[PDB]
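Residue numbers (full-length UniProt numbering), protein chains in the order written: chain H, 49 to 144; chain Z, 5 to 84; chain L, 1 to 344; chain Y, 1 to 97; chain E, 1 to 208, 210 to 318; chain R, 1 to 79, 83 to 110, 116 to 171; chain F, 2 to 106; chain S, 4 to 115; chain G, 1 to 26, 30 to 36, 49 to 113; chain B, 1 to 67.
We put the beta carbon where it would ideally sit given N, CA and C, even for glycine.
A short write-up of the structure that comes next.
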Amino acid sequence: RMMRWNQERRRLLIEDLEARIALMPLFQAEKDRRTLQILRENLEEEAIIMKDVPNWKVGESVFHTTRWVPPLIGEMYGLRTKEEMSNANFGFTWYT
Amino acid sequence: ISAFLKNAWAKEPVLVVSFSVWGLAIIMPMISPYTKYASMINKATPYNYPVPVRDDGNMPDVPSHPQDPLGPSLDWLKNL
Amino acid sequence: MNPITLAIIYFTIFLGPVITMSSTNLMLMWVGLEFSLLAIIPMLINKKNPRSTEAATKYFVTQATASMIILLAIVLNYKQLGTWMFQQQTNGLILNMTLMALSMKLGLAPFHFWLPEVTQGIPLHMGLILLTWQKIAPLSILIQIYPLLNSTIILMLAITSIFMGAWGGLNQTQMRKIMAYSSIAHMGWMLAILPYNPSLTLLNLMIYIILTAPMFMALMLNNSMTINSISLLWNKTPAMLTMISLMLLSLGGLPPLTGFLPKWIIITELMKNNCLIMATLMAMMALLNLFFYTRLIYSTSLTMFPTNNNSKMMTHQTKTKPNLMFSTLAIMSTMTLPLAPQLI
Amino acid sequence: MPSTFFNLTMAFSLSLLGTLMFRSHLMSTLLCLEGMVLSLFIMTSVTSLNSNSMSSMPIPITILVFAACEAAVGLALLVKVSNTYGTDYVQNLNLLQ
Amino acid sequence: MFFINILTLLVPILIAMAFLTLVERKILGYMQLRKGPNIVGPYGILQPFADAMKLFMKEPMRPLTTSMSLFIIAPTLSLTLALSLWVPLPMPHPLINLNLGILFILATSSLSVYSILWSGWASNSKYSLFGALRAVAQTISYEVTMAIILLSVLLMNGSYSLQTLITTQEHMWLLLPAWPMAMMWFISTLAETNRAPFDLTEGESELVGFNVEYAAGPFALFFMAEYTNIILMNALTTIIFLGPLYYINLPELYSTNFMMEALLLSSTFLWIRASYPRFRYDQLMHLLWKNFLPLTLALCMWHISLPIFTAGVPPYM
Amino acid sequence: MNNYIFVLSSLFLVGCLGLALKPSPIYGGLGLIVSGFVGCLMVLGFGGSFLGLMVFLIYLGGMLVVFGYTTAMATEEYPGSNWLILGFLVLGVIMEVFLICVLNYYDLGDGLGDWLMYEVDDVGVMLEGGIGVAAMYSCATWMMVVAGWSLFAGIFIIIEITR
Amino acid sequence: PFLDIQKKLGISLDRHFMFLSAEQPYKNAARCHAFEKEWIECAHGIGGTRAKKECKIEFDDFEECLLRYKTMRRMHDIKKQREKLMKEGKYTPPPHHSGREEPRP
Amino acid sequence: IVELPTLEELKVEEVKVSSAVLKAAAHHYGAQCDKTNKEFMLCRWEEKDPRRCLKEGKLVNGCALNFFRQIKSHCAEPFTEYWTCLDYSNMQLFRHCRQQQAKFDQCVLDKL
Amino acid sequence: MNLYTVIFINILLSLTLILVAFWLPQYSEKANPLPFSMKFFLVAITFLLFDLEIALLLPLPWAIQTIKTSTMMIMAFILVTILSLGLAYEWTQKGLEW
Amino acid sequence: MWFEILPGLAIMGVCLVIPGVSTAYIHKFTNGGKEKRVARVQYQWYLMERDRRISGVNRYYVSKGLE
Ligand SMILES: CCCCCCCCCCCCCCCCCC(=O)OC[C@H](COP(=O)(O)OCCN)OC(=O)CCCCCCCCCCCCCCCCC
């Protein structure tokens with residue numbers, strides 16, 4: 049009865065994981081355009097304001113590749129509310 | 005030898021079991037009809053996303069759609 | 001020792017250096033070093049005499065802290081380069097740590113205090129292993145990383161060792177410690193050429209092994225830990241007096257014997273690289289090493305020390321023979337010089 | 001992390017200064033020695049964790065497994081010493097002079 | 001209302017423990033043909049308040065202890081952990097959800113050993129030091145048999161989450177797959193409380210153990226923490242081996258049936274105290290090192306195969 | 001807070017400074033058991049539930065406990084008042100503050121910002137330590153074998169030393 | 002290494018996991034998997050002495066994918082600037098700081 | 004300046020429905036709206052940059068809302084009873100809402 | 001957090017109960036109240064060399080779900096066995112014996 | 001007789017179900033009438049957070065599809 053049952057928990061997981069397969073496109077699309085909306089919106093707050101003294105170039109990627117550096121948690125929410133930094137940096141460890 | 009096991013089963017009736025199940029578990033996998041599936045039921049789980057390959061027309065098997073008759077169809081895991 | 005234990009230990013003392021040499025993932029090189037530390041300690045206390053426990057407890061603490069420092073270098077590298085292994089980019093301090101640490105396990109220079117003392121409290125046999133099959137491991141790690149280590153430090157540890165080894169040896173009369181001191185010295189030459197031509201380190205080691213292994217099996221044939229003890233060699237076993245004479249002068253650099261080649265080519269390589277400052281001072285005090293070697297020569301061969309009456313009793317009884325290795329390693333060592341070109 | 005990684009490193013150096021400056025009891029040393037292994041274990045685990053380098057997590061533990069036995073050997077030497085002298089003071093370990 | 005949860009999580013276990021002091025005196029009594037407390041309350045329901053409100057008023061004599069720092073940190077460590085191993089307990093709804101839950105329960109359980117070590121060492125006495133060294137030997141030796149039983153079993157529910165054990169048991173109790181584990185678990189939960197046929201420490205006839214020099218409060222806490230994890234290590238058996246009903250609706254039934262089986266396993270320990278002469282310190286070990294540990298290691302090897310050959314590898318999550 | 005780790009890091013140094021002043025053999029064991037608790041916490045901070053708990057399970061109660069154990073058996077002769088040490092320790096408590104202070108004014117800095125959990129998949133599973141430690145059985149099965157021999161020949165090394 | 006009993010025997014017990022770009026479990030690429038590749042397919046066939054000068058672009062980048070310090074200096078500087086201006090009110094917490102601004106999926 | 008698309012550009016009608024309903028209508032969202040979602044991935048894994056496939060992203064955010072829009076007209080009430088029980092759980096298991104599943108599947112086997 | 005709150009509350013309760021214990025009460032020689052257990056030390060490092068054993072056996076829960084299941088099985092069995100043979104040697108050595 | 005040990009258990013029999021029923025209703029009342037969702041793996045959190053973003057600041061609140 050532990051043979052025949054744990055097999056089923058597997059088949060329920062496949063049912064439960066393939067659901068997750070169908071929704072990677074929607075989430076990865078939202079996640080791309082969201083984080084790609086944070087740092088134009090943070091590029092602004094850095095450029096629109098906060099930067100009128102000399103020798104500063106807004107959006108000075110520090111790498112040379114020009115490939116897409118997946119933004120770091122810090123750069124993504126850091127200059128934003130103290131709450132956001134934790135909710136991104138300690139939201140899961142703190143539970144559920 | 006066979007009657008030495010008889011006192012070792014009367015007195016010391018523990019190590020017998022511990023060297024009778026230590027081993028039993030080494031032979032059950034090598035001789036079972038269903039041991040093949042453990043590396044397969046554990047191979048089917050799509051934990052990460054299956055990246056689709058670009059079409060060239062040179063790939064007949066690759067099932068074009070999730071519901072095509074083609075591809076890894078597990079009517080096995082069902083009623084395994 | 002339950003022969004099973006003997007096997008497990010000996011296997012570890014032998015798997016220890018071999019894992020170090022074979023692996024490239026430094027981590028696996030560290031555990032190779034760690035095993036060697038664990039395997040050697042049981043053998044060191046085999047007599048379990050009060051001197052022995054002291055020996056092992058020192059050897060272990062010296063070995064353990066160095067092992068921890070080597071691990072720290074690997075841990076630091078992991079954060080300066082994701083790799084688990086030293087690379088061109090490695091921070092200089094990261095490598096220097098590895099030099100100091102590894103120079104402690106090998107016991108070179110200002111960390112040369114543990115070796116003479118552990119060589120004094122362990123048996124002649126385990127003395128050999130502690131001196132020669134435990135130097136292979138750390139040296140491997142250094143030889144692998146030679147392109148990256150500092151020429152300055154190595155040289156300082158090299159020169160220091162040569163001096164400490166020589167000076168220490170002059171005063172010592174206990175043989176085990178005379179050898180411990182020699183090993184410090186030879187170990188010094190070896191680490192001098194590492195930055196320039198590692199391949200010569202591997203010659204200055206083998207020759208040291210082919211010289212020291214016969215020398216110790218000689219000391220134990222009569223199990224003499226005293227020069228006075230080796231001096232009565234003429235009565236206990238007269239034949240080994242001839243080769244003991246040449247091997248010890250070979251250990252020092254005198255020209256006809258095999259021992260000159262390691263010093264000669266190391267000097268040739270250092271002059272090729274322009275260290276004619278360093279090489280000169282090393283060769284000069286290297287000459288101090290021969291003085292204490294010849295002082296022993298005097299006592300054991302060139303002059304016959306007086307013996308006790310009971311020595312006649314030990315002559316009567318058949319002397320258990322010296323293994324064949326003695327011969328094959330005495331000759332290949334005392335006289336191969338005519339074949340130097342192919343050795344290098 | 002860069003900030004913290006410093007604290008752990010100095011912890012290892014403070015533990016380094018400890019094991020290289022004995023005082024009476026040896027068990028103190030061995031204990032200190034262990035303080036390093038903890039600092040190394042913590043640092044290895046920390047960087048592996050923020051490099052998302054899961055292929056390397058095996059190491060943080062291999063470090064502990066080898067370090068534990070290493071310490072086992074160390075303590076057996078210690079017990080051997082306070083069986084031959086019964087006071088475990090680094091002070092009496094000087095016969096080899 | 002998270003604080004409402006702790007207040008309704010620690011009050012209803014310090015108020016339960018208290019009436020285990022009572023129930024450990026009556027059930028033992030009627031087996032001894034002797035009524036327990038009947039007088040201070042209706043049927044002894046009001047006796048623990050007396051010696052609660054009494055022990056705390058007796059002089060906490062720091063008897064020339066080597067170090068108070070320990071004398072007063074050991075007893076607090078205990079009740080601190082014991083009342084913490086309840087935080088991740090897998091009720092139909094656990095106070096806190098902790099993947100690695102079962103490890104948490106294992107780890108915290110271990111720290112307890114210190115209380116024995118520290119208390120014994122601080123209070124300068126032969127008995128104290130003697131008992132401690134001997135006692136922890138037992139405790140530690142039994143961790144190695146608990147862990148494996150703990151590990152082995154895991155392969156079956158397939159995760160370290162207490163909260164999944166309930167699902168794994170959605171249709172059966174794990175007592176039937178693993179009664180060998182559950183036997184040795186029972187002794188590893190009955191002898192890791194320094195309790196029962198196994199009370200070597202606090203050997204009373206032979207040793208007067211560590212808590213000997215403790216009195217009044219410092220004692221009460223040590224005690225309170227032996228009866229607040231006399232209910233844990235039975236509460237786990239009512240989770241890991243005896244699986245009560247769990248329905249998305251009616252989420253109490255589980256707690257109710259959790260009750261019915263935890264009291265038996267908490268009332269099953271009480272038959273033991275009143276039934277078995279104590280094991281001698283040598284025998285206890287030989288029970289674990291030369292009998293249980295072998296069977297435990299082999300059966301662990303058996304359980305790693307069972308999934309593979311039965312293809313029953315449990316679902317992560 | 002954001003200085004969730006720093007503070008802890010600072011506590012880890014304090015515990016190491018305590019072990020470094022070499023306090024009485026068992027009073028300092030506590031010290032280790034303290035910083036081991038502290039190091040257990042930091043790793044948890046970064047998401048290493050397994051790796052973290054592991055330390056709290058093995059070094060904390062396994063190694064350390066056995067350590068003091070032996071202290072009691074020997075080298076707990078409990079013959083400088085640790086209080087003197089605590090006095091010095093207090094000095095270091097703030098002396099380290101001095102070391103940090105210079106770099107404090109120099110200033116990363118201002119506590120701890122996003123200098124933890126650099127990159128984490130905002131979607132996805134199987135991302136969790138213990139999946140990496142379980143590479144001992146797939147793709148890193150040599151670390152597992154050599155650890156075995158350590159412990160295995162450890163038995164034989166210990167008994168031989170003991171005997 | 003010193004004695005390559007591994008290449009000879011063909012076994013790979015110690016090489017499969019030496020760099021961050023090695024096979025990570027469940028194909029979970031680590032941070033920088035992009036760079037280290039670019040910095041070791043570059044230095045392949047070119048020895049170190051010449052993996053240290055011309056293949057310096059890829060290490061200078063990989064030294065900042067992982068240390069990620071030049072970033073700090075940028076961000077830390079930015080931080081200070083905000084502080085000074087803000088103190089004189091020259092700069093105001095952005096709408097982002099004010100929250101809202103339509104936090105979206 | 005590193006290219007960072009204009010916020011205006013990023014604007015797209017969005018799904019804005021809680022995870023529970025997505026988990027209910029997911030297996031049908033894999034059947035339908037697949038050609039429009041896999042091509043996003045096929046750009047996403049080939050072209051490793053979220054600043055280039057935003058094209059197909061707006062398509063994914065489009066076909067999905069299409070999927071539901073039909074379900075909202077067609078067979079909405081039995082869909083509401085389905086996820087309304089499924090979201091009651093703590094991990095949203097199909098294992099419980101198994102009767103609500105066929106009642107929604109037969110309603111959607113016939114229609115659409 | 002919650003876990004912090006709880007564990008911290010659990011401490012405060014412990015401390016209070018000893019606070020009240022040493023204060024509620026508010030001389031006489033009332034206060035007035049060894050060889051090595053080599054066996055014990057052995058038992059102790061036997062436990063160290065075994066606790067680390069568990070630490071290398073805890074991955075099983077997450078390795079059972081590895082593709083190379085056949086490999087895991089093999090790797091595990093050896094560990095459990097080599098450790099049993101160690102215990103067994105101890106048995107013969109009589110180290111286990113008290 | 002033995003009738004009397006029951007008064008005692010009765011309290012340890014409610015003192016032990018007060019916790020299991022309590023924790024399992026202070027969850028269904030501090031999570032909007034629905035079990036407290038369990039975030040065991042990154043993907044569960046994301047979904048949970050996403051929900052908060054979709055409606056109110058509370059995960060618990062849910063958008064039926066009219067949103
Ligand atoms: C490049 C030249 C280097 C130098 C070469 C010349 C020196 C050789 C080394 C000599 C070193 C030892 C000097 C002192 C020896 C003392 C020997 C002695 O005391 O006699 C006893 C000894 C053993 O006795 P046993 O053979 O058992 O029987 C007699 C028992 N009373 O009796 C014996 O040992 C007998 C055997 C002695 C060894 C014979 C060696 C003969 C000389 C070798 C010369 C080689 C020249 C090579 C030239 C190369 C040119 C390119």
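inquiry  = Quick check on the contact list: which residues have their beta carbon closer than 6 Å to a heavy atom of ligand 1?
reply    = The filter returns 238(L), 239(L), 241(L), 242(L), 245(L), 246(L), 256(L) and 301(L), in chain order.
request  = Compute the Euclidean distance between the alpha carbons of residue 68(L) and residue 32(L), then round it to the nearest angstrom.
outcome  = Rounded to the nearest angstrom, the two C-alpha atoms are 13 Å apart.
inquiry  = Beta carbons nearer than 9 Å to chain G: which residues of the segment 26 to 40 of chain Z have them?
reply    = Listed by position, the residues of the segment 26 to 40 of chain Z near chain G (Cβ gap below 9 Å) are 26, 29, 30, 33 and 39.
ask   = By DSSP, does residue 174(L) sit in helix, in strand, or in coil?
value = Note: residue 174(L) maps to strand in three-state DSSP.
query = Are residue 140(E) and residue 233(E) close, meaning C-beta to C-beta below 9 Å?
reply = No, they are not a contact pair.
query = Could you give the distance in angstroms between the alpha-carbon of residue 126(H) and the alpha-carbon of residue 84(F)?
reply = Near 14 Å, if we compare the C-alpha coordinates of residue 84(F) and residue 126(H).
ask   = For residue 53(H), which residues in chain E fall below 7 Å Cβ to Cβ?
value = The answer, in chain order, is 171.
request  = Compare the C-beta of residue 122(H) against all C-beta atoms of chain F and say whether one is closer than 9 Å.
outcome  = At least one CB of chain F lies nearer than 9 Å to the CB of residue 122(H).
Residue 104(R) burial status per 10 Å Cβ neighbour count (16 or more: buried) = Counting every other CB atom within 10 Å of its CB across the protein chains shown gives residue 104(R) a total below 16, marking it as exposed.
ask   = Along chain Y, in chain order, which residues have C-beta atoms closer than 8 Å to that of residue 44(R)?
value = Within chain Y, no residue comes near residue 44(R); the closest Cβ sits about 10 Å away, beyond 8 Å.
query = Can you tell me where the alpha helix (DSSP H) with residue 293(L) in it begins and where it stops?
reply = Residue 293(L): member of the alpha helix (DSSP H) spanning 278 to 297, first to last residue.
inquiry  = Is the separation between the beta-carbon of residue 315(E) and that of residue 68(H) shorter than 9 Å?
reply    = Going by C-beta atoms, residue 315(E) is not nearer than 9 Å to residue 68(H).
task = Kindly say whether residue 125(E), judged by its beta-carbon, lies nearer than 9 Å to any beta-carbon of chain R.
result = Not closer than 9 Å to any Cβ of chain R, the Cβ of residue 125(E) fails to qualify, so no.
query = Got a sec: does ligand 2 put a non-hydrogen atom nearer than 8 Å to the Cβ of residue 3(R)?
reply = By its list of ligands, the structure shown excludes ligand 2, since it contains just ligand 1.
task = Identify whether residue 51(Z) lies in helix, strand or coil by the three-state DSSP scheme.
result = The answer is coil: DSSP assigns residue 51(Z) none of H, G, I, E or B.
key: Run of the alpha helix (DSSP H) containing residue 73(H), from where it starts to where it stops   = Element bounds for residue 73(H): 50 to 95.
Endpoints, the alpha helix (DSSP H) within which residue 101(G) is located = Per DSSP, residue 101(G) belongs to the alpha helix (DSSP H) from 84 to 108.
For residue 89(Y), the residue or residues it bridges with in DSSP = Note: residue 89(Y) sits in a beta bridge opposite 25(Y).
key: N- and C-terminal bounds of the alpha helix (DSSP H) containing residue 79(F)   = First-last of the alpha helix (DSSP H) with residue 79(F): 70 to 88.
ask   = How is residue 226(L) classed by DSSP in three states: helix, strand or coil?
value = The three-state reading of DSSP puts residue 226(L) in strand, counting E and B together.
task = Report the three-state DSSP secondary structure of residue 60(L) (helix, strand or coil).
result = Per DSSP, reduced to three states, the secondary structure at residue 60(L) is helical.
query = List, in order along the chain, the chain S residues whose C-beta lies closer than 9 Å to that of residue 100(H)?
reply = Residue 100(H) does not reach chain S, its nearest Cβ partner there being about 16 Å away, counting only Cβ pairs nearer than 9 Å.
inquiry  = I'd like to know if residue 58(F) contacts chain L, where contact means its C-beta is closer than 9 Å to some C-beta of that chain.
reply    = Residue 58(F) does not count as touching chain L.
task = Could you check the C-alpha separation between residue 62(R) and residue 66(G) for me, to the nearest Å?
result = For residue 62(R) and residue 66(G), the distance between alpha carbons rounds to 6 Å.
task = Return the CA-CA distance between residue 21(Y) and residue 78(H), expressed in angstroms with no decimal places.
result = Residue 78(H) has its alpha-carbon roughly 59 Å from the corresponding atom of residue 21(Y).
query = Could you give the distance in angstroms between the alpha-carbon of residue 347(E) and the alpha-carbon of residue 82(E)?
reply = For chain E, the structure presents residues 1 to 318; residue 347(E) sits outside this window and is missing.
request  = Ignore the nearest five residues each way along the sequence and tell me which others in residue 59(B)'s own chain have a CB closer than 6 Å to its CB.
outcome  = Counting only Cβ-Cβ distances below 6 Å, and skipping sequence neighbours, we find 48, 51 and 52.
query = How is residue 54(S) classed by DSSP in three states: helix, strand or coil?
reply = It is coil, neither helix nor strand.
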